[PDB]
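Report on one structure; see the data block that follows.
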Number of protein chains: 4
Amino acid sequence: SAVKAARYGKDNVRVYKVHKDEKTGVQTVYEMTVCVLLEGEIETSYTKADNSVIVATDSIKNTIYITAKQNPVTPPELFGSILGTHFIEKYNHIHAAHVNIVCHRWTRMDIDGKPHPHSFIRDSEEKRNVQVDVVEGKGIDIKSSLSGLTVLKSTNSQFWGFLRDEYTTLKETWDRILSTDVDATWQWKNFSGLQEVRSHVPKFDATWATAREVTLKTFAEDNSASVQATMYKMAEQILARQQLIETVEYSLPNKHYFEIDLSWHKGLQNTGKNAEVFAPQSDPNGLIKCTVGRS
Amino acid sequence: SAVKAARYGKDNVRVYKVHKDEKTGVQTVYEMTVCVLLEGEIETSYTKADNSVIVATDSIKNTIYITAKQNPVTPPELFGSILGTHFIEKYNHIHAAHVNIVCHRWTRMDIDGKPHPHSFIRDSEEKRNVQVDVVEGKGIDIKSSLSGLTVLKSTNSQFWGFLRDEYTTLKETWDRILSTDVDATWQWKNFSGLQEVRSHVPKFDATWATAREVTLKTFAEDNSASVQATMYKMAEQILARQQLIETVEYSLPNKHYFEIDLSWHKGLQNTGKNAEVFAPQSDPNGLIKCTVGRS
Amino acid sequence: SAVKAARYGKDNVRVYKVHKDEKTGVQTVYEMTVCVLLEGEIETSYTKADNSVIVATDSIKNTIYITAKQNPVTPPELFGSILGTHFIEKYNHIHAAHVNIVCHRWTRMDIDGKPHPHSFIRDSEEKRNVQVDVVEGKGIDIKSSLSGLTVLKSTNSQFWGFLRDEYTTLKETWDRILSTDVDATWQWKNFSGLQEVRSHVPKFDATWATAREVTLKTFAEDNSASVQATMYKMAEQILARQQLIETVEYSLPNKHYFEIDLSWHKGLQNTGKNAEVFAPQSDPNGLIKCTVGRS
Amino acid sequence: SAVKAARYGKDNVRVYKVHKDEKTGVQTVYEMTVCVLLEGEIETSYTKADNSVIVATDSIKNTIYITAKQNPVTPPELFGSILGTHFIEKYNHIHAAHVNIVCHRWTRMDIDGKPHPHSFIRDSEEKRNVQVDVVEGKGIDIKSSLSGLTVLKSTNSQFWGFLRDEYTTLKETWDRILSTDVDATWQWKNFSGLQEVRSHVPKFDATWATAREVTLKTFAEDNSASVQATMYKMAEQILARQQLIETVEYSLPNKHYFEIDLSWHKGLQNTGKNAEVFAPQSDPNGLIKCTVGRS
Ligand SMILES: CC(C)(C)/[N+]([O-])=C/c1cc[n+]([O-])cc1
Ligand SMILES: CC(C)(C)/[N+]([O-])=C/c1cc[n+]([O-])cc1
Ligand SMILES: CC(C)(C)/[N+]([O-])=C/c1cc[n+]([O-])cc1
Ligand SMILES: CC(C)(C)/[N+]([O-])=C/c1cc[n+]([O-])cc1
Ligand SMILES: O=c1[nH]c(=O)c2nc[nH]c2[nH]1
Ligand SMILES: O=c1[nH]c(=O)c2nc[nH]c2[nH]1
Ligand SMILES: O=c1[nH]c(=O)c2nc[nH]c2[nH]1
Ligand SMILES: O=c1[nH]c(=O)c2nc[nH]c2[nH]1
Ligand code: NA
Ligand code: NA
Ligand code: NA
Ligand code: NA
């Protein structure tokens with residue numbers, strides 16, 4: 001037998017950073033969870049009990065904190081590129097570094113109509129994420145995403161015209177609830193290295209903002225024929241607004257809200273045009289995925 | 001042996017309701033999770049296999065949906081009072097109904113600067129809750145709360161002057177991070193019944209809003225001597241602004257953010273005035289509780 | 001305003017302990033999560049920013065570890081009594097200590113039919129818990145429990161003869177699945193102090209074992225008329241086997257498994273005597289509670 | 001723009017099945033969670049609002065239940081192969097079916113030393129899983145796994161001889177705790193279709209049993225030089241015992257248990273040979289991965 005693939009490192013590394021403006025007194029906070037897994041000439045740690053090739057996972061943890069102290073942590077695409085580049089440059093025998101970052105929201109509070117200099121709120125579990133793969137000889141591959149963006153529209157969603165056979169019970173509908181948890185990922189052109197990533201830094205926050213704005217406006221304004229049709233419109237608009245992304249991927253659950261027939265009780269009418277009270281269903285759920293690229 | 005206490009019912013009942021304005025086209029949504037547990041002359045279901053005294057939990061579930069169809073679901077204090085009153089009035093042998101409601105956020109989206117008529121976002125897992133105990137012969141006891149309001153301030157928190165003995169290692173500090181998940185509960189005066197609850201309906205949303213505003217402004221503006229001192233100021237202000245509440249309770253974790261000494265690495269300075277990068281700690285956590293009433 | 005109630009301390013303190021027999025080489029492990037909250041003359045920490053009365057929560061954490069080093073951690077009733085007694089004896093102004101302990105399973109592995117000296121498996125998330133309230137001048141109040149014991153029987157559960165009215169849709173049944181997560185708590189006679197707790201130490205593990213054995217045998221062998229009827233039989237047997245407990249409480253969800261009518265598909269028969277495939281329901285769920293004492 | 005990849009279906013489908021022996025009275029239960037995602041000529045559902053190509057996710061759900069009624073649900077490799085084959089044979093335009101199954105434990109209870117005919121316990125959240133990819137023209141690709149197998153050994157784990165530089169603080173150790181959650185996956189040779197899967201049916205349960213037995217015996221008996229070294233020994237033994245698997249993959253967290261220095265308190269000795277009480281760490285955690293194949 002032989003090792004065909006291997007990677008190891010430190011997961012679930014929580015990191016906070018503060019920036020303090022001492023002339024204005026304004027503070028800004030950043031919080032993330034980081035994972036770094038390394039690849040390289042490490043097979044003998046597995047086959048021969050040779051730990052000399054292991055950069056200890058504790059040391060990887062230390063390196064995350066040191067890198068955050070000495071470098072910007074925003075945008076996360078940049079921080080992950082800096083961090084992954086470090087491992088392949090510092091260690092001759094390490095040839096790839098896989099950096100995953102989850103960014104947590106800390107939104108400045110408004111108090112009596114004025115932004116507060118040092119107080120923040122977690123407005124939602126929506127995350128901004130990156131996956132940064134730094135591969136020696138191959139450059140830096142970045143996937144950026146937003147996840148956990150939970151939305152609902154109460155009308156202007158439809159689902160009719162689907163295949164019907166002996167397995168089908170679902171009724172067609174011209175007016176339903178649509179609710180989902182948005183997971184949207186944009187895949188950047190390969191970067192040759194850290195210099196090229198730095199050259200595009202303003203594009204990372206701009207493109208996250210565009211993706212979020214397109215997602216919300218299209219969800220709200222599309223009189224949706226299906227999750228499939230609406231998600232494609234989102235993806236195509238994001239591609240049209242950033243030439244440096246190659247693909248946009250969505251993964252969307254269809255979090256079902258079922259009508260409740262109450263007509264067995266005093267003739268109460270709660271279906272169709274009379275539908276007011278619904279039963280949100282925890283499981284099962286539809287799951288719809290698409291990756292859109294340029295022709 | 002004998003039954004000393006018993007209650008039973010249906011938990012984890014998810015409920016959605018929509019309101020549609022057909023003149024303006026504006027829709028508004030409400031979503032909750034409901035639990036109803038009943039008490040009364042039910043002991044023989046336990047001791048003698050006598051199911052005649054059991055209102056089936058499935059029937060309790062049906063009743064929740066019917067009640068939501070026929071009545072307002074907001075404010076939740078009102079809905080829970082309506083629902084609990086129903087069981088003690090409908091069933092002679094049922095003498096108490098315990099109704100817990102968790103309200104989930106669906107905040108109207110703003111699209112290009114204008115509120116959208118039918119699209120919503122889950123801005124945060126913060127909940128608005130009620131516990132409504134309807135007890136025949138004793139009235140209606142309501143506890144209202146906000147929970148899951150997660151906040152952080154980056155300075156203007158201190159903790160010094162605590163007891164020091166042979167168990168103490170913690171250093172005093174004049175500048176630390178303070179972060180918590182706010183659980184705040186206000187206990188209303190006993191209401192004699194549903195009519196009295198209805199008479200105070202505008203006070204429920206007003207008091208929730210006051211509690212939230214006081215919590216956030218006091219957290220943001222208090223140069224905090226301890227979690228204890230800051231939470232008391234919140235509670236006293238809420239009591240001063242609503243005569244119909246008797247007590248305010250807070251339960252606050254102290255979600256610790258630890259400094260990280262990096263001076264073992266190239267003399268890097270990351271403590272005290274130089275502290276920039278911190279390690280958020282998942283566990284353990286301080287837990288601080290207070291119930292404040294009027295003198 | 002004034003403080004009506006207050007308690008504070010450290011929650012979510014994870015603790016492991018090992019015992020090593022150096023003559024036999026046999027090691028035994030214990031793992032728990034501990035919470036300690038203190039009460040006493042602490043109100044001025046809230047009202048006057050007086051931290052002198054605060055035993056820091058960090059110091060409470062240290063004390064948990066020190067107590068585990070110097071004392072047995074099993075049975076948990078004993079450890080919690082030792083720990084809570086410490087705070088009210090050490091600190092004049094602390095008058096109650098509330099200790100909650102969750103014990104995690106580490107069951108010795110059997111390897112080729114022989115118990116292994118130092119390897120363990122988490123067989124299940126079932127917990128053994130205690131709540132120990134040490135109150136100066138009032139003694140020690142102990143509640144012991146098992147929780148997270150998840151069971152299912154595929155027949156010999158019935159539910160018929162319940163109340164039927166205009167809210168009722170549930171069909172009677174003479175053969176259903178019954179599945180639950182057992183939460184069972186036994187409340188000990190008040191103990192005067194730590195000496196009396198020590199005098200009864202063998203009874204704690206014995207009574208936990210009896211409660212577990214009675215729960216499982218009664219669940220398995222009762223042709224159940226309802227959750228209510230079966231849980232009462234468990235409670236009465238536990239009371240009959242330990243004179244030093246005053247009450248037994250059960251809290252049992254009814255985790256529903258719904259029949260699936262497939263007769264719309266090729267006449268397939270999957271209900272009643274033909275029921276083979278079921279849909280487990282995540283929510284809602286029945287919730288049935290009882291506290292049983294002696295007459 | 002154009003669709004580059006797409007799949008859709010139903011996730012989180014809970015399924016129970018019972019087998020009843022009416023001659024012996026012995027019942028046996030099976031419970032799973034299923035996901036089915038389909039691929040094929042579905043792009044126009046995304047780009048042109050053409051729902052004619054969509055097999056509704058509700059219909060996929062129905063099909064899961066029907067398939068479980070008409071076919072064995074064990075071993076899960078077989079059930080998933082049957083289910084995925086159905087979609088590519090039934091629907092001309094569907095060309096792949098991706099079936100994921102999580103099997104939940106229901107272990108028969110022993111009551112007074114005898115196996116009970118119809119009562120079961122969830123002994124642990126350990127899962128047995130399959131991923132079955134049925135691809136028209138390409139056969140059936142099966143990955144089998146066990147996950148959530150949580151273990152701890154209290155000695156006979158070491159970690160020394162790792163790389164040391166200016167990022168390293170970790171001390172070498174010759175005696176530590178090792179605890180992990182085992183995720184082990186075995187990748188079968190490609191099968192040409194359902195007939196070939198059926199021909200190997202006894203091998204699926206046999207190989208799961210071998211993987212579990214090898215994992216536990218090797219964990220318990222290896223005086224471990226690292227997680228890396230121990231996991232490789234497991235993988236090589238599993239490959240040696242089943243010629244029809246091509247690779248074995250492990251993913252193992254190193255769930256750290258930290259020593260607690262108490263010597264600041266009365267000189268208490270709790271490190272090194274005196275280490276008795278430890279602090280389990282929830283995060284961060286090492287994460288070690290390997291894929292082993294044959295040379
Ligand atoms: C995944 C883990 C448990 C390491 N985590 O990131 C936890 C966490 C992150 C952020 N906030 O606010 C709370 C907890
Ligand atoms: C407690 C349970 C599982 C019943 N629940 O309420 C779930 C739930 C409620 C609201 N949202 O948005 C998601 C899930
Ligand atoms: C409640 C917290 C998060 C502190 N906890 O006890 C976690 C925990 C305990 C035991 N095991 O095996 C895993 C995690
Ligand atoms: C993933 C979901 C929520 C669908 N699930 O499988 C839940 C579940 C499965 C098995 N048991 O025992 C409890 C819950
Ligand atoms: O938008 C939708 N897309 C689908 O594929 C689907 N199937 C059932 N319900 C559905 N909804
Ligand atoms: O605000 C605080 N209150 C306390 O009781 C405490 N103890 C440690 N750290 C603390 N912080
Ligand atoms: O055992 C049971 N007890 C009940 O109260 C109940 N109601 C519905 N289903 C039920 N099952
Ligand atoms: O077994 C181990 N493998 C590692 O790579 C590691 N690094 C720190 N601690 C470790 N343990
Ligand atoms: Na390198
Ligand atoms: Na009544
Ligand atoms: Na005292
Ligand atoms: Na096909």
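Just the heavy atoms: all of them, side chains too, but no hydrogens, waters or symmetry mates, feed the values below. Chain identifiers are assigned alphabetically (A, B, ...) following the order of the sequence lines, protein sequences preceding nucleic acid strands; residue numbering begins at 1 within each chain.
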Donor + acceptor pair across side chains of [X], [Y] (<3.5 Å):
X: C:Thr185; Y: C:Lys143; answer: no
X: D:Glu77; Y: D:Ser144; answer: yes
X: D:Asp123; Y: C:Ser124; answer: no
X: A:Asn62; Y: D:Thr169; answer: yes
X: C:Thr28; Y: C:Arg108; answer: yes
X: D:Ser154; Y: C:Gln27; answer: yes
X: D:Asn254; Y: D:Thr180; answer: no
X: A:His98; Y: A:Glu39; answer: yes
X: A:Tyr8; Y: A:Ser45; answer: no
X: B:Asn285; Y: C:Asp11; answer: no

Minimum heavy-atom separation for [X] and [Y], please, with both atom names.
X: D:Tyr232; Y: A:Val3; value: CE1-CG2, 3.6 Å
X: D:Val29; Y: D:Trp106; value: CG2-CB, 3.6 Å
X: B:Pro280; Y: A:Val15; value: CD-N, 3.8 Å
X: D:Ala279; Y: C:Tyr65; value: CB-OH, 3.9 Å
X: D:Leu78; Y: D:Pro72; value: CD2-CG, 4.0 Å
X: D:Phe162; Y: A:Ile54; value: CB-O, 3.6 Å

Starting at [atom1] of [X], measure out to [atom2] of [Y] and round the result to the nearest 0.5 Å.
X: A:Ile60; Y: D:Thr168; atom1: CD1; atom2: OG1; value: 10.0 Å
X: C:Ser179; Y: C:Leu252; atom1: OG; atom2: CG; value: 10.5 Å
X: D:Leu146; Y: D:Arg128; atom1: CG; atom2: CZ; value: 9.5 Å
X: D:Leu244; Y: D:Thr207; atom1: CG; atom2: OG1; value: 8.0 Å
X: D:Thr291; Y: A:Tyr46; atom1: OG1; atom2: OH; value: 9.0 Å
X: D:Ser157; Y: D:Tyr257; atom1: OG; atom2: OH; value: 12.5 Å

Any donor-acceptor pair under 3.5 Å from [X] side chain to [Y] backbone:
X: D:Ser119; Y: D:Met109; result: no
X: D:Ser224; Y: D:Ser226; result: yes
X: D:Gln281; Y: D:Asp283; result: no
X: C:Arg122; Y: C:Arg105; result: yes
X: D:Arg294; Y: D:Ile245; result: yes
X: C:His116; Y: D:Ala220; result: yes
X: C:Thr210; Y: C:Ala206; result: yes
X: A:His93; Y: A:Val53; result: yes

Just grab all the salt bridge (charged side-chain N to carboxylate O under 4.0 Å, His left out) pairs involving [range], residues at least two apart or on different chains.
range: residues 14-34 of chain C; value: C:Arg14-C:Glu31, C:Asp21-C:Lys23
range: residues 168-186 of chain D; value: D:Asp181-D:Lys255
range: residues 221-230 of chain D; value: D:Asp222-D:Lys233
range: residues 43-55 of chain A; value: none

Margin query: List the residues meeting side chain to side chain contact (heavy atoms under 4.5 Å, CB included) with D:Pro284, not counting sequence neighbours, and say none if there are none.
Written below: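 Scan of D:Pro284 (side chain to side chain contact (heavy atoms under 4.5 Å, CB included), adjacent residues dropped) gives A:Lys10, A:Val13, A:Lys61.
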Margin query: Please enumerate all residues that pass side chain to side chain contact (heavy atoms under 4.5 Å, CB included) together with D:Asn270, with sequence neighbours excluded.
Written below: C:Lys69, D:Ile260, D:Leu262, D:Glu276, D:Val277
Quick check: do [X] and [Y] have side-chain heavy atoms less than 4.5 Å from each other?
X: D:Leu287; Y: A:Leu37; result: yes
X: D:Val248; Y: D:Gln187; result: no
X: C:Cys35; Y: C:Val99; result: no
X: D:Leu152; Y: D:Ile177; result: yes
X: C:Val34; Y: C:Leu83; result: yes
X: D:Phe219; Y: D:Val182; result: no
X: D:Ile288; Y: A:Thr57; result: yes
X: C:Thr67; Y: C:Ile82; result: yes

Next item on the list: Quick one: do C:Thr150 and D:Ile121 satisfy side chain to side chain contact (heavy atoms under 4.5 Å, CB included)? Show the steps, please.
Entry: CA-CA 6 Å; C:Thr150 296; D:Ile121 185 161; over 6 Å; no
Note to self: What verdict does the side-chain hydrogen bond (donor to acceptor under 3.5 Å, both in side chains) test give for A:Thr33 and A:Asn12, after you've listed the backbone C-alpha separation in whole Å, the side-chain angles of each residue and the deciding distance to 0.1 Å?
What the structure shows: CA-CA 6 Å; A:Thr33 306; A:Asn12 294 305; over 6 Å; no
Next item on the list: Apply side chain to side chain contact (heavy atoms under 4.5 Å, CB included) to C:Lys217 and D:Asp112, showing your working.
Entry: CA-CA 8 Å; C:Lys217 183 168 170 160; D:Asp112 293 315; 2.5 Å; yes
Notebook entry, point to check: Can a cation-pi geometry be assigned to C:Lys153 and D:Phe120, taking NZ or CZ under 6.0 Å from the six-membered ring centre and within 45° of the ring axis?
Noted result: no
Checklist line | Derivation and outcome, side-chain hydrogen bond (donor to acceptor under 3.5 Å, both in side chains), residues D:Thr215 and D:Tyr250 | finding: CA-CA 10 Å; D:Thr215 296; D:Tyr250 276 84; 2.8 Å; yes
Checklist line | NZ (A:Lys4) with more than 12 external heavy atoms under 6.0 Å | finding: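 No, NZ of A:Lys4 has 12 or fewer neighbouring heavy atoms, counting only those of other groups under 6.0 Å.
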Check: Taking the inter-plane angle between the rings of D:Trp160 and D:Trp174 on a 0 to 90° scale, is it parallel (under 30°), tilted (30 to 60°) or perpendicular (over 60°)?
Finding: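 The rings of D:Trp160 and D:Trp174 lie parallel, inter-plane angle below 30°.
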Item checked: Candidate list D:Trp188, D:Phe79, D:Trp186, test ring-ring contact (aromatic ring centres under 6.0 Å, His included), partner D:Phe204, passing option ->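 Among D:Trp188, D:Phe79, D:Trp186, the one that satisfies the ring-ring contact (aromatic ring centres under 6.0 Å, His included) with D:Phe204 is D:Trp188.
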